[PDB]
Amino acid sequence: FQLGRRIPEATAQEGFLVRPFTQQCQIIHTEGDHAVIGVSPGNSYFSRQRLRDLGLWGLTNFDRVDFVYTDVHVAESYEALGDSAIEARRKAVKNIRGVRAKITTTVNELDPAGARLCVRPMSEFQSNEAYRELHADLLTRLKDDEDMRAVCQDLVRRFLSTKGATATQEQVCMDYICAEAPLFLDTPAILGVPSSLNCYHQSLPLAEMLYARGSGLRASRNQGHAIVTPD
């Protein structure tokens, strides 16, 4: 249930349906500067074949493509689901090795020279100054603004109710989403590209806020989101 006025529909491209979240995201998709293909560890959707298909779709449609796999708050999520701390870390380490390796093989196969397609962990952005400024700003607004925070908690509970939940599961999920958020706000600032489309096979839980009309916390005018699913 999207809140904008001319909701884009999906365009079929190299085996995917690409659905930009707003009309302005569709302009960014058409610019073809940059895509982030976010990848979650422990998620069987990201098979070797699906990653290859994504990487081919990406290089066909953008000048540059960055696969970014989430490697932060993974052990914490497994603990919040009931694993011991030791076993949560064991499984996080295993799932993070598997997704890193599948992506790395993909990228070596498609772009041996590392010219257009790159993979990196989400934690690598912790030393990026724009990422750090985006993250701190987001945390400060949540701390300072309880109405904005309440909207984000509702969006977290909606997202968890699909995948009820405890306070701990909510808090860890908020942490996990806050850590990805700078790439959903301003990948152009973090990666130095003209514009960027942040792509996933489900809409981002905070999309309704970050890509909305009005004012508040909003993604950069050069940042877009698309939902990208197999045709």
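From 1 onward, residues are counted along the sequence shown.
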If you average the Cα B factors in the entry, which is higher, 39-47 or 164-172? 164-172
Average Cα temperature factor in the PDB entry - higher stretch of 153-161, 89-97: 153-161
Highest Cα B-factor in the PDB entry belongs to which of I103, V74, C118, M122? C118
Going by the CA temperature factor in the PDB record, which third of the chain does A12 belong to: lowest, middle or highest? highest
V68 CA temperature factor, ranked by third within the chain: lowest
Name the third of the chain's ranked CA B-factors that contains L3, choosing lowest, middle or highest. highest
Using the B-factors in the PDB entry, rank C199's C-alpha atom against the chain and give the third, lowest, middle or highest. lowest
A181: which third of its chain by C-alpha temperature factor? lowest
